[PDB]
């Protein structure tokens, strides 16, 4: 069956959390749960390929981050929904579900959120799996060695022009999101079975603005890091696995070299066949790395 099929027994809740409402998908039961954190341009359904493979082995919890999927959006553009906000939202969600500790899977935005959860609410996090693991140490590597050509969207998406132009029609929305799903993948047809599900998601009122809010919230921090003034922080102590997509064109696999600087106990490996979306492009291998690390 499809990597994007939905097994019976998937459950959806709207959970009141902090001063917002989050959509949370859950499947499975028994054992320490695994909290899966999506990126941009994604939502909880990014986890369907791994949920199809693992739901009989783990209780999987896949929220829409604030401002994504079917979670609540703010009426107006915001600059205060950064990694610490998402972390605090995840700590409150675990508290709403009666859970004292979980495994945490992160990539992209979800990797920033997972790092901030591990520092700010260390007791809630048993261990960490990252499918890419950007750190404060990246710095000038965001804009040097050709990388300036990959980062244009981070600035563009802070403009009024971005919501106006990308939001013109379903067709403009499809052109924009197809570019990221194709160019950021090594396996370019990886998202084809759920492509129209992604476009339906980014046509939902607020989902352009809510995702672009991440880029507004990170802008000051990214600019400081680019100019060699990174945000100081303590190493993450929890056992960590990094399984980086070797062909990731936006979060370069070479940035794995910065992981030991920020983690006491990180094991680093590469998915040789994936770009940015290891959990969609190489789900069998991704499921095996998850099952092994969380065993």
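Residue numbers count along the first chain shown, from 1.
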Given the B-factors recorded for C-alpha atoms, which segment has the greater mean, 122-130 or 71-79? 71-79
Averaging C-alpha B-factors over each stretch, which comes out higher, 185-193 or 113-121? 185-193
Take the CA temperature factors straight from the PDB entry and tell me which of 147, 179, 204, 86 peaks. 204
Candidate residues 266, 36, 251, 51, the one whose C-alpha B factor the record puts highest: 266
Among the chain's modelled residues, which third holds the C-alpha B-factor of residue 211? lowest
Going by what the PDB entry lists, where does residue 16 fall on CA B-factor within its chain: lowest, middle or highest third? highest
Relative C-alpha B-factor of residue 219, binned into the chain's lowest, middle or highest third: middle
What third of its chain's C-alpha B-factors does residue 137 belong to: lowest, middle or highest? highest
Give the position of residue 64 by CA B-factor within its chain, expressed as the lowest, middle or highest third. lowest
